[PDB]
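pasting an experimental structure, sequence included:
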Amino acid sequence: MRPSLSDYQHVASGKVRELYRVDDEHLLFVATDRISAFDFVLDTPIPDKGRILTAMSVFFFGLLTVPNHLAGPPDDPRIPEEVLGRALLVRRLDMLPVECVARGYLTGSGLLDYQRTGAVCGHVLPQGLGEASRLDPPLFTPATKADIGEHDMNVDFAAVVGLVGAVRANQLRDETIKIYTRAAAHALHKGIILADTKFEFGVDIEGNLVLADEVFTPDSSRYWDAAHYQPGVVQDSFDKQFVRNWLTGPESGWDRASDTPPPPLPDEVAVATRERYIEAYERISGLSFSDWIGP
Ligand SMILES: CCOC(=O)[C@@H](F)[C@H](O)c1ccc(Br)cn1
C-alpha cells in the first residue's frame, strides 16, 4: 500500500513543480501538469505532462554517466498513488546556488546580451552572429535567481567563483558543458535540437557533485525540430508552439502586450500539446510512453 501525499511535509513550491520531505535524508520531487507561456502559468493543465517529463528525466539520468539524486525506482513504494509516474524519490543534498546553463545556439537573454554588449556571461563573441546562430563550442552561461516573478540574472565565471569556490566553479563549468554536449548530439541524431539547458547541482556527504533537478525536459531546455532549423529567424517551440499560436491568434481575445493573465486554453489545444510531448519523448528515448507507469 502506498502512503498519502499528506503524510509528507510540503517543503517548497515552484512554477510547475513541488517538493516534499520524506524523512531526514530523502525528498519527493513532483512534476505537475501545469504549463507556462509568456511568463504566465496558464489556467489549463496539459494532461499527462508531469508523467511525460518524468519519463524524460529518468531516460536521461540513465544515459548520462554522472552521479544523480535518484534514491529509488520510479515505482518505489514510498511514492503516493496520486503522483505515481510524475514523482521521484531522491536524496537530500546541500544545493549549490548557481543556475548552470549551457547554450549551443544564440537566443533569448543570451542573444539580447550579445546584441547589447557583444558578449554573453563574460564570453566575448565574434561579430556577425544573430538569432539561432550555432555556438561552437557551447557556452557556459551561469545565472542567479532573482526576486519572485523576475528573470534569473546572467553572471560571469568570476561571479560563480565567489559563490562556490575556485575549484568547484571550474568543476561546474566543465561538467555542464560535457553533459550538454553529449545530450545535444544524442537528440540531434534523432532529429531534435536541444538549443540550451539549465542544470541545478548539489553536493553529497563525501563532497561529490550530484545532478539534482529534472533534466533535459522541454521546460529546462529549448526543444527545436531539426528538420526546419534555419539560422537567422526565430525557431518554433517543439512543445509549446500550438499554445503560443492560439493565445496570440484571432480566437483567444487576449492581447499579449496588456500583461493581464491569459484566458484558459481550448481542450483540443491541450490534447494536441500532450501528443507533442509524447512525440518528443518517444523519438529521443526509443521507448513507448504506453509502458510508463501511472495511477
Ligand atoms: C539552485 C538550487 O536549487 C535549490 O536549492 C533546490 F531547492 C531546488 O532547485 C528546488 C527548488 C524548488 C523546488 Br519546488 C524543487 N527543487
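It's in. Residues are numbered from 1 along each chain as shown.

indicate whether stretch 75-91 makes contact with the ligand.
No - residues of stretch 75-91 are not located near the ligand by CB under 6 Å from any ligand atom, the shortest gap being 9.6 Å. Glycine gets a C-beta too; all of them are placed from N, C-alpha and C.

let the chain start at 44 from now.
Yep, numbering from 44; the last one is stretch 118-134 now.

for residue 112, see how far away the closest residue to the ligand within the stretch 94-243 of the chain is.
Nearest residue of the stretch 94-243 of the chain to the ligand (CB to the nearest ligand atom) works out as residue 138 at 3.5 Å. Counting by CB to CB, to the nearest Å, the separation of residue 138 from residue 112 is 10 Å.

one more: residue 120?
For residue 120, the distance to residue 112 - CB to CB - is 19 Å.

so what's the backbone phi/psi at the residue lying closest to residue 60 once chain neighbours are set aside?
Closest residue to residue 60 apart from its sequence neighbours, by CB to CB, 6 or more residues apart in numbering: residue 74 at 5.7 Å. Here is the backbone geometry of residue 74 (degrees, to the nearest 10): phi -90, psi 130.

buried sites along the longest helix along the chain?
Longest helix in the chain by number of residues (criterion: DSSP state H): helix 209-232. The neighbour-count check on helix 209-232 (16 or more other CB atoms under 10 Å) flags 211-212, 215-216, 218-220, 222-223, 226-227, 229-230 as buried.

wondering if it reaches the ligand at all.
No - using CB under 6 Å from any ligand atom, helix 209-232 never reaches the ligand; the gap is at least 11.2 Å.

now do the contacts for residue 123.
Applying CB atoms under 8 Å, 6 or more residues apart in numbering to residue 123 gives the contacts 45-48, 50, 130.

how about a cut-off of 6 Å?
Taking CB atoms under 6 Å, 6 or more residues apart in numbering, we find residue 123 in contact with 45-48.

and what of residue 267?
Residue 267 makes contact with 236, 238, 278, 281, according to CB under 6 Å, 6+ apart.

now residue 55: which helix or strand?
strand 52-56 (DSSP states H and E).

for the residue of the stretch 94-243 of the chain closest to the ligand, give the beta-bridge partners.
Under DSSP bridges, the beta-bridge partners of residue 138 are residue 245.

need the residue closest to the centroid of the chain.
Geometric centre of the chain, nearest residue: residue 263, 1.2 Å, by CA atoms, centre = their mean.

which non-adjacent residue is nearest it?
residue 241 (5.1 Å).

check the gap between residue 227 and residue 178 for me.
Distance of residue 227 to residue 178, given as CB to CB: 11 Å.

now do the shared contacts for these two.
Joint contacts of residue 227 and residue 178 (CB under 6 Å, 6+ apart) are residue 147.

what helix or strand is residue 289 on?
helix 284-290.

hmm, who's touching that helix?
Here helix 284-290 makes contact (CB under 6 Å, 6+ apart) with 80, 295, 305, 312, 315-316.

near the ligand, which residues of the stretch 94-243 of the chain are found?
Where the stretch 94-243 of the chain comes near the ligand, counting by CB under 6 Å from any ligand atom, the residues are 138, 140, 243.

count the neighbours of the first one for me.
Residue 138: 13 surrounding residues under other CB atoms under 10 Å.

that one contacts residue 245, doesn't it?
Yes - between residue 138 and residue 245 a contact is recorded at 4.5 Å, counting by CB atoms under 6 Å.

including secondary structure, could the contacts of residue 267 go into TSV?
TSV is the format used below for the contacts of residue 267 (DSSP: H, G, I helix; E, B strand; the rest coil):
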residue	secondary structure
236	strand
238	strand
278	coil
281	coil
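
now the helices for the stretch 194-338 of the chain?
200-207, 209-232, 284-290, 310-328 (DSSP state H, counting those that start in this stretch).

and the second one, how far out from the chain middle?
What that stands for is helix 209-232. Relative to its chain's centre, helix 209-232 lies at 15 Å (CA atoms, centre = their mean, to the nearest Å).

then stretch 249-262?
Distance of stretch 249-262 from the chain centroid (CA atoms, centre = their mean) equals 10 Å.

sorry, back to before: pull the contacting residues for the residue nearest to the centre of the chain.
Residue 263 makes contact with 240-241, 257, according to CB under 6 Å, 6+ apart.

what comes into contact with stretch 176-183?
Contacts to stretch 176-183, defined as CB under 6 Å, 6+ apart, come from residues 145-149, 166, 216, 219-220, 223, 274.

same thing but at 8 Å, please
With contacts defined as CB under 8 Å, 6+ apart, stretch 176-183 is touched by 143-149, 153, 163-164, 166, 168, 200, 215-216, 219-220, 223-224, 227, 274-275.
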